[PDB]
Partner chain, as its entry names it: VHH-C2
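Just one chain follows, in the form deposited without the partner chain, and it is written as structure tokens.
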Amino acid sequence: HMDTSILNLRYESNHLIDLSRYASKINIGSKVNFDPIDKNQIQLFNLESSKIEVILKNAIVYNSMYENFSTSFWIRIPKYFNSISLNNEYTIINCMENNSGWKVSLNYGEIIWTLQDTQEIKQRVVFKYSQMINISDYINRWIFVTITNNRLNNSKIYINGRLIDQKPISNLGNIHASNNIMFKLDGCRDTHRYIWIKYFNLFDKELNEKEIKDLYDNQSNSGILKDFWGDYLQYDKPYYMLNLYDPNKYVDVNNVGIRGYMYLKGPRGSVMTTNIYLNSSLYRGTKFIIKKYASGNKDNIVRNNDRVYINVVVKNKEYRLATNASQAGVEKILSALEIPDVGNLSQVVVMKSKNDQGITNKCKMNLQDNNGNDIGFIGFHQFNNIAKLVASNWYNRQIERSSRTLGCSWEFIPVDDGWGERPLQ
């Protein structure tokens, strides 16, 4: 019931603007890049001209001993690859003037908030994430950041709606920030470093936990499905597959045609740079390509509830994911068929957002027959030492967001420069 955002930076009518009543002025550098499909996604390189300056009206400049405030934004931080990034804190969003104010900085495996008063008393809160982890929720993936400040007690950093760190700030006196917010990599020794950022907001209160969860939901709610990294899922784009129940396995094929089958096998194997990262390999297994069937949209974005076909790439040729639903048993084993020879086999897939918390990249694929009847969500089943891919209505009968729907939840991983792995072939 009360307008609390004092800066709401959004792309509208061909420009990045402040949608708040204050209409703060935006100065964009010549080397800022916007994502072609989602122009709210902004890429800042390690270059002087890759910067955005927001000029705040005097009335909303922070100059206070007592006023509470918060900031929120989404960020996508490429994996750290090189030892030059160790012990190298670099500013990314700066509202410091004359050694007072606030800033967001990054370091190897860290997002850091710093406040500083006009007597050089500082406090930091820090989110630390590991690069020695099989599959990370955070590395090179869109994550939601929220930072809140209550002058009588704590500053708090939340990640994806969850409190990560809080520290006292009650001893800080007057904080007098800048009338400019500078979005720019400052002090970064890795010449190849960049970030992606979106939906920057400032608020004139300490947001509460409910408000933050609502913001997280509202800014991630979409009728558009997303890939593993959090970008829009697309038609006609090759993806490697991740199953959420068995994330250390990958999809392979045991022969094409109706007597062959798709299956999961593992482990993935590792990608590494000593002392810098150790992760599971993501570019493994047969690539899938999502093909238009029913959608009347002319763009190539995959939307929630779109009915599609799934192609499987085998030896640089596309096959159709399909099954004969008449086979005995609820689990219908999936095959990779020659496209011209699919005939009346079941092949139409409803792409469904799991509608879990956060980004709409947890995908379910409901296979339907040619009369539109459900054959079931695509998952896997042990026969009995091989984990074959199946469509099964058993999944459709399970409790939502429970253990028994992990097996039919998938993510789609395209090659991305922020991950840096080299495919084996």
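Positions refer to the first chain, counted from 1.
> Test of understanding: from the entry's C-alpha B-factors, which stretch has the higher mean, 226-234 or 170-178?
In the deposited entry, the stretch with the higher C-alpha B-factor mean is 170-178.
> Averaged over C-alpha atoms, is the B-factor higher for 327-335 or for 93-101 in this PDB entry?
Averaged over C-alpha atoms, the B-factors run higher in 93-101.
> Can you pull the Cα B-factors for 76, 354, 287, 151 from the entry and say which is highest?
Of the candidates given, the C-alpha B-factor peaks at 354.
> From 313, 115, 84, 348, pick the one with the largest CA B-factor in the entry?
Among 313, 115, 84, 348, the PDB entry lists the largest C-alpha B-factor for 84.
> Taking only the Cα B-factors deposited for this chain, tell me whether residue 121 sits in the lowest, middle or highest third.
Residue 121: CA B-factor falls in the highest third of its chain.
> Compare the C-alpha B factor of residue 298 with those of the other modelled residues in its chain, then answer lowest, middle or highest third.
For residue 298, whose C-alpha B-factor we compare with every modelled residue in the chain, the answer is the highest third.
> Residue 415's Cα B-factor: lowest, middle or highest third of the chain?
CA B-factor rank for residue 415: middle third.
> What third of the chain, by the recorded C-alpha B-factor, contains residue 252?
Lowest third - that is where residue 252 ends up once the chain's C-alpha B-factors are sorted.
> Among the modelled residues of its chain, does the C-alpha B-factor of residue 389 lie in the lowest, middle or highest third?
For residue 389, whose C-alpha B-factor we compare with every modelled residue in the chain, the answer is the lowest third.
We do not show the form deposited with the partner chain bound, though everything after this point is about it.
> By the heavy atom within 4.5 Å rule, which residue out of 287, 184, 332, 198 makes contact with the partner chain in the bound PDB entry?
Contact with the partner chain in the bound PDB entry is made by 287 alone.
> Out of 210, 122, 192, 128, which one falls within 4.5 Å of the partner chain in the bound PDB entry, going by heavy atoms?
Filtering the options by heavy-atom distance leaves 192.
> Is residue 397 one of the residues lying within 4.5 Å of the partner chain in the bound PDB entry, judged by heavy atom distances?
Flag for residue 397 set to no.
> According to a 4.5 angstroms non-hydrogen atom cut-off, is residue 33 in contact with the partner chain in the bound PDB entry?
Residue 33: yes, in contact with the partner chain in the bound PDB entry.
> Would residue 254 show up as a contact with the partner chain in the bound PDB entry if we use heavy atoms at 4.5 Å?
Looking in the bound PDB entry, residue contacts with the partner chain do not include residue 254, since no heavy atom lies within 4.5 Å.
> Given that the partner is absent here, does residue 142 sit within 4.5 Å of the partner chain in the bound PDB entry, heavy atoms only?
No, residue 142 sits far enough from the partner chain in the bound PDB entry that none of its heavy atoms falls within 4.5 Å.
> Could you tell me which of 346-354, 232-240, 91-99, 254-262 sits within 4.5 Å of the partner chain in the bound PDB entry, going by non-hydrogen atoms?
Careful reading of the contacts points to 232-240.
> Output the sequence-ordered list of residues from 260-275 with at least one heavy atom within 4.5 Å of the partner chain in the bound PDB entry.
Result: 272, 273, 274.
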